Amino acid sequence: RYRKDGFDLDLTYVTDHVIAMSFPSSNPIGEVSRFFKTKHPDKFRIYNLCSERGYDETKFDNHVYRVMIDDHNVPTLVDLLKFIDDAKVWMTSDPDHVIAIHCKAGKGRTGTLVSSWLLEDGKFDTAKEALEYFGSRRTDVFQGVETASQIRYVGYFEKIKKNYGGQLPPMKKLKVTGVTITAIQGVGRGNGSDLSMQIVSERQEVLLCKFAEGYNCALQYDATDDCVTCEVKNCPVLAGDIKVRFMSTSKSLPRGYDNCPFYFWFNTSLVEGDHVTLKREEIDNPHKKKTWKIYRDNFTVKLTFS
């Protein structure tokens, strides 16, 4: 909460030249507008991260760069890298240039980008430390952002800079052929029969599996091992950023974010070998401690690929 000089904004200097803030709305817009004309005349660039809301960009002299991000989701890796390219040019061409980033609460989407920016600028060596740092300033890696996928996408940026020269890795395309869920008991009906899995690529559903009925799958429940294994059929070739959503017909599995019990993003080119396994803290929704009597410590989701 910034107070000085007549302004009263939800607005924070993450560094002297990096600002995190809330939605400039109608923080009232004319005041956010006044603040920048007053404190940073001609030296600001605003990044609106909301896929869902825009505003009068003219209150900021039309220096607003848009990144379309869903609430509780992530930018495309491409948009993330474009953002970093754009912020870098602007930051490095004038010592007085300042960037300000927001969507709604200046929390999860916002932390995904400033944390990446902090890595690009060399303040931190690792995603975890940039994340903990934005956490300090805007309330632990989960102070930094809201979701595990948001954490993975900062990890993705780190790995791009360290292993791939600051550019996108070689292209890999996948098909999902299997899904495996451990510690199934207590999750829904506890045997996988209430679940279905949706694969989303470029905002389109690209495959739906329904476990009990064998809709694009075959379900196998093993109670000895407290797990379910599902053969996945008819997966189209996947490429880029993929979101995998699990839904449930069951009354006692709550929906967390994104209107489903649990979900996750990954990028097909950053997958290693034949599979990706996610621990509980690495899945979106089970990562929240209020759900740990449902998703126990050995709850995992594995996708198998070919």
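Start at 1 with the first residue shown and count on from there.
Counting the unmodelled positions of the deposited sequence between residue 139 and residue 140 gives a gap of 4 to 9 residues.
Missing coordinates between residue 26 and residue 27 amount to 4 to 9 residues of the deposited sequence. Mean C-alpha B-factor is higher over 222 to 230 than over the other stretch, the pair under comparison being 203 to 211 and 222 to 230.
Per-stretch averaging of Cα B factors for 179 to 187 and 140 to 148 places 140 to 148 on top. Listed residues 9, 294, 283, 20 were ranked by CA B-factor as deposited; 9 comes out on top. In the PDB entry, residue 248 places in the middle third of its chain by CA B-factor. Sort the chain's modelled residues by C-alpha temperature factor and residue 62 lands in the highest third, per the entry. Sort the modelled residues of the chain by CA B factor and residue 91 lands in the highest third.
In this PDB entry, the Cα temperature factor of residue 38 sits in the top third of its chain's modelled residues, the highest group.
Ranked by Cα temperature factor within the chain, residue 271 sits in the highest third according to the deposited record.
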